[PDB]
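Down below is the structure, laid out as structure tokens.
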Amino acid sequence: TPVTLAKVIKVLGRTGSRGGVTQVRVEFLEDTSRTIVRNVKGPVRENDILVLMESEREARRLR
Amino acid sequence: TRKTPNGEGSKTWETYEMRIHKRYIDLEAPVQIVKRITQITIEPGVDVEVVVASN
Amino acid sequence: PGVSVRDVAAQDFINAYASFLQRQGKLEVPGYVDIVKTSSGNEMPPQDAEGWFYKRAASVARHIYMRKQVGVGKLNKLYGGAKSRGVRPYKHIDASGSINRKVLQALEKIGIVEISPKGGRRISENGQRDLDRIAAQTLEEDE
Amino acid sequence: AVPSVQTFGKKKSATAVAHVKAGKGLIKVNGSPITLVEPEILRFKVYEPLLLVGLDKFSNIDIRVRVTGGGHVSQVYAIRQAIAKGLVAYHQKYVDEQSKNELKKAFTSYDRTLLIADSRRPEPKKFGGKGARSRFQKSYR
Amino acid sequence: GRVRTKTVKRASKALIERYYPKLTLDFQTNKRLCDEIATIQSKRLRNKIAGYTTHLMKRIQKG
Amino acid sequence: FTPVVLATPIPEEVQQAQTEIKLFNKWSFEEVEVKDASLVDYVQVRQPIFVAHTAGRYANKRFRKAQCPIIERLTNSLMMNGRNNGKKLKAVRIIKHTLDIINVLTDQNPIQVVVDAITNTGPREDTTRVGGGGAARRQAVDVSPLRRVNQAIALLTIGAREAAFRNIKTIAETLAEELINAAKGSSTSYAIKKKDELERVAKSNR
Amino acid sequence: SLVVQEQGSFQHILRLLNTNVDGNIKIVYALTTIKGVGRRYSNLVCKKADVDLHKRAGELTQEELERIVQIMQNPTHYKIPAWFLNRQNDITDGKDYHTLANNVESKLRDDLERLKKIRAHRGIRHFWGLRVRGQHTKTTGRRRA
Amino acid sequence: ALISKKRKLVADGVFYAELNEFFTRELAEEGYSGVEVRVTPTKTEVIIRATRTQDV
Amino acid sequence: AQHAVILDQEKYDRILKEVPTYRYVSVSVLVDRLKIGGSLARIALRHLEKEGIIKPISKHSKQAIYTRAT
Amino acid sequence: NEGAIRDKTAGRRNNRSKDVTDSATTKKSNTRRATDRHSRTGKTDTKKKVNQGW
RNA sequence: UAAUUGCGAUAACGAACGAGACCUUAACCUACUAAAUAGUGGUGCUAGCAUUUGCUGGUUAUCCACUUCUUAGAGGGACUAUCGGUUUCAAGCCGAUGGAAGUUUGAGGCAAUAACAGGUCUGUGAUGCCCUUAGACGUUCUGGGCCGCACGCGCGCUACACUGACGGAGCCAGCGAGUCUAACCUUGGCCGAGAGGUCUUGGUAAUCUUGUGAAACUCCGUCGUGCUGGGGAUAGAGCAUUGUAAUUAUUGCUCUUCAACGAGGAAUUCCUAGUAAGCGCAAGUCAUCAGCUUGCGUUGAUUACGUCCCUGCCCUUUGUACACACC
Ligand SMILES: [Mg+2]
Ligand SMILES: [Mg+2]
Ligand SMILES: [Mg+2]
Ligand SMILES: [Mg+2]
Ligand SMILES: [Mg+2]
Ligand SMILES: [Mg+2]
Ligand SMILES: [Mg+2]
Ligand SMILES: [Mg+2]
Ligand SMILES: [Mg+2]
Ligand SMILES: [Mg+2]
Ligand SMILES: [Mg+2]
Ligand SMILES: [Mg+2]
Ligand SMILES: [Mg+2]
Ligand SMILES: [Mg+2]
Ligand SMILES: [Mg+2]
Ligand SMILES: [Mg+2]
Ligand SMILES: [Mg+2]
Ligand SMILES: [Mg+2]
Ligand SMILES: [Mg+2]
């Protein structure tokens, strides 16, 4: 499996009608200089590290 | 005690309290001063009682 | 080096004192043993069925040594436990005032506790003698 | 009249008091060596101050501790505190300061609240429920 | 939410308005100042006022 | 280790390992490294302790929950399901019992297998109930590391609590077993199954 | 304790007092399947019969079992406290008995019929299939019969 | 005599209340406004705070 | 009341020839071999400790731990 | 009592075999709560009597 | 921001009620004043084990000293402090250091204007009117009933067990209360399996009950997954206590009888740290009766630290033929 390691850059806001979702931009430690904003589930802060199970796919506002 | 006279409404309870302060001071004195210290220094609000020797 | 009972582990000190009285036979065990229940708050009698009175006596003796004086009611409350009142909630219940009172008798006739002034029972000076003795014997099992 | 200090330590109701005189290294709790306390799963809890600072540092002092109130855990967190607060108070008046500062440093660096008494406390129950915040059950009809 | 009320900020304004030749950046001496210069009824209230005279003094030195 | 014996004697094996490596009950606290990139900074080991019982304030701030010893985090989650609310001294011993069992089979400090079991059952990505209107589909999301550790503890202990229920095996035996099978995912453990089936459902909504 | 190694002497289910008893369960508890003997009563009887509590019902040499019966159906002669027994201070002869397996079903009817036959309220209450001990009957007891 | 200190003060509080009630009913037409009791040796004193003591 | 509340000489020798290769052997471990119930399992743990075969590594009730001889 | 046990149509067995009347599982029946602000007296205090008193 | 709490914008400027302040309680004092009804060290007097000086107790006054612990008086302390992030560098807010304490410090008390045909004439010798008032709707006396049982609903209690029951053993709290013209809280000694009985005793209470030796909990065994030793409904027989009286069984003990219940459908409650939950205890009621309540301490988690999707309510905007105001 293509295990992808990306580090939280910024904490943007709470998505999801419930709110338990947070919008976060990450930078991969393997070949950085590209950033992609991902949706988290658990509580998150700056400089965390998300294990993105698929490299090239991102999302936005949730209902 | 519940504030309500009846039983209607959410069950609001209400605690009253009254504080009792008790002090005792031992003196070794003759017959005069004790009777002079007790006839005066009386106070409306302070219950003063003067017990006698150690038995 | 010197010793007391306070230097010995609380549990296995009694288990040695319990095994002592048995090994001695000077007991005065009432006789309603094996059928008494030691508290209303119990379901079944003690599972030792030959013993458990040496243990209670040894337990009683150690307790009275640790403090100034203890009473019959004081041991009823100490050894008491929680009684399941069937479908109703638990409550603390006192233990049998006859097992303990007859422990205070069978250990006083045996010379480990005397009927103290101020009420209660005091550890007999010969009891300290015997208690500190077998207590030191326990530290010879780990020597 | 020998060099001696006394300290304490309080966990949630229990107050363990400790007299620390100069001695030949004994540590007794209410009557009994520290090698017996027996909740016994927290035996190393009260051993901790003796090890944070080293098995020595006691060969010249005697400690004795009595604990009233509390509970079967409430007191164990008090005695470990009254022990360490005293060892660090004995160097306050009888040894030099820099050694005493080395003790607070080696204690607070690990510090399961060893010199510092925890402020937590049981919160009052308010009417309307069996607990502090817990409310009774309602049914709406 | 430690938003100071107006009675604090009203008193703090009125003190710096007329006691800058006092009232340094140290709350401690400012506290002691208030009990000599101002008539406050509460030790708690006075510490609230002095701590805020101390916030304003700090930033006046700075534009 | 230069022994010393004062009046009230401190035992040898007691004296020995204490002022030496400040290790666990009797297990080495060093050498334990989280076999994965992140969940470090969220798995505690170093700083070491003696038992997994601590009067710590891991609640009155958001992320300070992470600083609790991960072994102690394991215990906390053991003492629950109502009848075991509170009763930490109980689970504290169950952990000590458990670590020896983990130790017995297949060497490797059990405080390291616990790290292995945790990191192997935390879902990397998951799903959530996005409205979309009535017929709510599932949006794939990437669960943060803190939730990856928490859910790993809840999943493991739950898997052992329901398995150890109504059967001759004890809590520590099933707890160890679960941690043992979760060291490297054995596909025969409650936690691995639920972990993979959460990334399975998350994968089918991407 | 010890590792025992007995031969075919031990036997599974054995019958006494008109009921059946599992051989391979402890005898203090194996006796309780007899109606009229419980955990307390059993335990005191075996303590009296010089019987090893750590044994099962499957062991216990046939003399031990025959002794156990003789004590149960005569507790007052073998020094049992007469407040230990299910039926004392009888309502006809005054004597203290301990009714056993099939007899305990017999004495329930004899008592119940004595109350009915007398038309006492407690008996009338029994005849109506109601609760007798005085409990409320509004909210509890809905499935029973 | 021979009272507990707790029951004593509570019993003294009731005595003030009942004493006050009996005056608020009896001395209305005189501007009654309260009482105080001074417990001394040789005497037990009651002061009638009434705006018009000529009628009291 | 199902299989191995009792001693059964063939079961005794079964124990001796089978405790080897048990890296973990305890109350629950003895029951899982289609054999001794928990009561007589807690008796075997002291007899297999009378000499050799099992090494005590744990402490007490509700949790036993033994390991092969060394 | 002699007739109390004699009496048939008595005891659990008889009631247990009869249908449960539907009036058991009823509601509050509420009997006029949404008419609380409409005075049924039909009287209506007058403005002069109010100004005389207030 | 918890807040018409503030900043800022500003035809407004500056103010008051309500919020805040305040008050009570729980936290911090080796600083002040002290205490045989609170406790510590030392000394006598004193017992036990060791001896090489030691270790562990006894002794409401045999004396000396002290106030860390306890107690409550007067003070002190915090002001979200220091520093750094963030933001109109405004109010603020987040992080780190320090601190007894930094969630309005935690928990309460008090709480404006107004509304409701909310509840209470069954708390009142508070009261209008109406009824009744001697064969009484007055009042007292006897007995019964409010507990009555095909069923529907609500708060709970106890459980379905092996993080367990059971038996021994360890042994730790806090809020209270407790008897005068009286029988309240009760130690201790005996008798009793138990419940209890009997003889005495301290206490009008920091002095005596009481260290309330409470319960979970910790410890070593017995049991082995089997409705089993889990569970204790139901029921028979016996003995005690309260009370003038216990039958429809006030309560307590004993043996026996050993049901349903294998974690529970649709639904729905409560809750964010010493909190939840587990656990008992005191007080109220009380002659006897807690499965209730009000408080208390003991053991002590998981998960949020967010949002407006559900729901509930506030805010403007807007419409109105409503103003007895959508009843
Ligand atoms: Mg007990
Ligand atoms: Mg107890
Ligand atoms: Mg039976
Ligand atoms: Mg002081
Ligand atoms: Mg800090
Ligand atoms: Mg109405
Ligand atoms: Mg009224
Ligand atoms: Mg009547
Ligand atoms: Mg009623
Ligand atoms: Mg209610
Ligand atoms: Mg137990
Ligand atoms: Mg008798
Ligand atoms: Mg007297
Ligand atoms: Mg049972
Ligand atoms: Mg059964
Ligand atoms: Mg469930
Ligand atoms: Mg009561
Ligand atoms: Mg009630
Ligand atoms: Mg308009």
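Residue numbering: from 1, along the chain as shown.
So this one's X-ray crystallography, 3.1 Å, going by the header.
For all residues, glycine too, the Cβ spot is worked out from N, Cα and C.
For F:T8 (phosphothreonine), applying a Cβ distance below 8 Å and a minimum sequence separation of six or more within one chain yields no residues. Marked as phosphothreonine by Swiss-Prot: F:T8.
When Cβ atoms from all protein chains are considered, those within 10 Å of F:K26 (ubiquitin cross-link) total 12, not counting its own. Sequence annotations record features per position, and here Swiss-Prot assigns ubiquitin cross-link to F:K26 (among others).
Secondary structure at F:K184 (ubiquitin cross-link), as computed by DSSP, is coil. Summarising the environment of F:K184 (ubiquitin cross-link), the number of other Cβ atoms within 10 Å of its Cβ, over all protein chains shown, is 12. Annotated ubiquitin cross-link per Swiss-Prot: F:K184 (among others), in sequence order, evidence recorded as a large-scale study or a structure entry.
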Secondary-structure category, per DSSP, in which F:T8 (phosphothreonine) falls:
coil
Pairwise CA distance, F:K26 (ubiquitin cross-link) versus F:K184 (ubiquitin cross-link), rounded so that it is a whole Å:
24
